[PDB]
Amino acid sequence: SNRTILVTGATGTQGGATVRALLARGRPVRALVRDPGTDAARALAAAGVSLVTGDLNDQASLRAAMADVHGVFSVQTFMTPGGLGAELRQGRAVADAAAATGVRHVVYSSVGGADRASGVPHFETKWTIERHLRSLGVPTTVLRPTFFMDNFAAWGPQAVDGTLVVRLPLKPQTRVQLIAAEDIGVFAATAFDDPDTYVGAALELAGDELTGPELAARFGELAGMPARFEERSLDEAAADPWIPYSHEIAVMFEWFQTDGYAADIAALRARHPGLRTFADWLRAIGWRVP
């Protein structure tokens, strides 16, 4: 009264996962979408999500969408034509709308290390959004995901004559923390239902921590194929015409090499005993070789 959560990015990977986790806890869910006729929008409706049609970049539409809601899940991506500037404006606009409409709890998806002066441009934008939320005093839980399993499956492994080759700008011993989008959903929904524990918290999220060689072995094990890891230079990775936002990704990998994530996996698994390992996750999403 009212218990509804507005989920931004509801048709994307994190927002979609958050919708599922919320429905699994019996929260009512609302999403603001530009076109409710898409397959993704229609799938939300079939799941019981209330769709409001509108553009969230219209301030008034965003406020209208927050009418009577308890909470908002706020997530943006830099991977649009408006890039980091567009991301920043949208993140701050969601925050402003929440403050204006009396939203009781925002869960904001940031990034692990956002608070550690990484210098990674897309981390720094999320930090700026965190600071803005804090300045407004809206009750907030910040989730700071580590490396998404979901995106490092789409460009990591390549089949080369029957061997799976993971070629990334990591040293063979560089450990990388990873998180399933499904678990971001779990923690968002958990946060809304336990504000005493979660309001004012910022939690770095990982379900696994693996090297390049270990990642390759997991793909190969599932696929029934030999696998190997090969280091590539940061310069080579940065300049790759086939990797979207290659230069930005290379800056991020250099930060994995120099600094890296700091989630407390054990603490997270204590709270969420089903926290996915990479092996868990691969099997559950039926990963296939491209």
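Residue positions are given as counts along the sequence shown, with the first one as 1.
- Annotation for 219-227 versus 55-63: the higher mean temperature factor (C-alpha) is found in 55-63.
- Mean CA B-factor, 38-46 versus 256-264: the higher value falls on 38-46.
- Of all the options 169, 195, 85, 212, the entry's greatest CA B-factor is assigned to 169.
- Within the selection 159, 111, 94, 176, the deposited Cα B-factor values reach their highest point at 159.
- The deposited CA B-factor of residue 163 belongs to the middle third of values across its chain.
- Annotation for residue 32: C-alpha temperature factor in the highest third relative to the rest of the modelled chain, per the entry.
- Annotation for residue 200: CA B-factor lies in the middle third of the chain's modelled residues.
- Residue 144 sits in the lowest third of its chain by CA B factor, as recorded in the PDB entry.
- Ranked against the other modelled residues of its chain, the C-alpha B-factor of residue 151 as given in the entry falls in the highest third.
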